[PDB]
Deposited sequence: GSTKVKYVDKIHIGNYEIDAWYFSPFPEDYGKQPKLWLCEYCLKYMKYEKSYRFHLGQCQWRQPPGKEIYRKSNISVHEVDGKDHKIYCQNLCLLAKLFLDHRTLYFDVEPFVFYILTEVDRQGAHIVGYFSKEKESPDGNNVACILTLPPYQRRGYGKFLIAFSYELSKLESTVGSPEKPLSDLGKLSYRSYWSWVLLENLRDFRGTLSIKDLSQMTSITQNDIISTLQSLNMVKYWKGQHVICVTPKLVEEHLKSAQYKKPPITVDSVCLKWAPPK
């Protein structure tokens, strides 16, 4: 039996994919995860014992962003191996990506949490390969199912580009993108590009690669072969529309503490 249901915090969540937890963990009806240190446990009794004893109330690593009730922690795989391995096992339940089976040490993990008086509760994350030879600025991105459809995905995508900008570099998500990844990236890219029009220049200003700018402007019919072709009025009409709305949660540069 594979792991098919997890309990984490106040949520139970069904699996979407196989994840390589040790076999005896799959055998039980539920896998129980500490929401703060991501330890995985086999029994409600071991879970309850852990909850009473664990001192963690947020992710490890460095808190690098806080705005309203959300915060981001930067977690280097080399520095917090066990945590990042636990994270990857969790994530693999909802992602089919090869990096989830690989060493965590070559990666950095950006953990998104909602903060309240009880703690900083994980809602999603993205991973990033240090010094990616393919210029990938995200490897994996995930919003845990109970938190989906609230704008956290597009926040994580935006955050990944805010780092690329500060690194003075373009980047793209590791391909192939899942269908849900495609929808999310296209939405973000569309908004950013239209605000900027209200290609190498756009690429330099946004850290979005020219290829991803070209494919996005193609969908907006704002490019000829590549040359951008749109009026200010056309751009304003799109930004007025319900199809190219601003992300509900955006990254504020004056709430970030980060250098390359």
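Novice: Would you flag the ranges of the deposited sequence that the structure leaves without C-alpha positions?
Specialist: Missing C-alpha atoms (numbering from 1) occur across the ranges 1 to 5, 204 to 210, 238 to 241, 277 to 278.
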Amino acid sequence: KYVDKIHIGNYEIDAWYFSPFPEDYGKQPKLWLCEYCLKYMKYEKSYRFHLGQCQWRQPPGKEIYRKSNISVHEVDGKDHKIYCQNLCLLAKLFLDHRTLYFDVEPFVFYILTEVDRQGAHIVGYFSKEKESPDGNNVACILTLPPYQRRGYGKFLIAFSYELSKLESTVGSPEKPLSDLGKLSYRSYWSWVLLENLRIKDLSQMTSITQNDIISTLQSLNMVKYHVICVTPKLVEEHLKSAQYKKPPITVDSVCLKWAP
From here on, numbers count along this sequence of modelled residues.
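Novice: Output the stretch having the higher mean C-alpha B factor in the entry; the candidates are 160 to 168 and 109 to 117.
Specialist: Per the deposited B-factors, the answer is 160 to 168.
Novice: Per the record, averaged over C-alpha atoms, which has the higher B-factor: 189 to 197 or 60 to 68?
Specialist: Of 189 to 197 and 60 to 68, the stretch with the higher C-alpha B-factor average is 189 to 197.
Novice: Of the choices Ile228, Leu38, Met41, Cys54, which one's C-alpha carries the largest B-factor in the record?
Specialist: By C-alpha B-factor in the record, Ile228 ranks first.
Novice: Return the residue from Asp79, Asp103, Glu131, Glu74 that has the highest Cα B-factor in the entry.
Specialist: The C-alpha B-factor peaks, among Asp79, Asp103, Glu131, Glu74, at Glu131.
Novice: Looking at the entry's B-factor column for C-alpha atoms only, identify whether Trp16 ranks in the lowest, middle or highest third of its chain.
Specialist: It falls in the bottom third of the chain.
Novice: By the record's CA B-factor, is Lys1 among the lowest, middle or highest third of residues in the chain?
Specialist: As the PDB entry reports it, the C-alpha B-factor of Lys1 lands in the highest third of its chain.
Novice: Among the modelled residues of this chain, does the Cα B factor of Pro176 put it in the lowest, middle or highest third?
Specialist: Tercile = highest for this residue's CA B-factor.
Novice: Based on the entry's values, in what third of the chain does the Cα temperature factor of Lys30 lie: lowest, middle or highest?
Specialist: Its C-alpha B-factor belongs to the middle third of this chain's values.
Novice: Select lowest, middle or highest to describe the third in which the CA B-factor of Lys45 falls within its chain in this entry.
Specialist: As the PDB entry reports it, the C-alpha B-factor of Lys45 lands in the lowest third of its chain.
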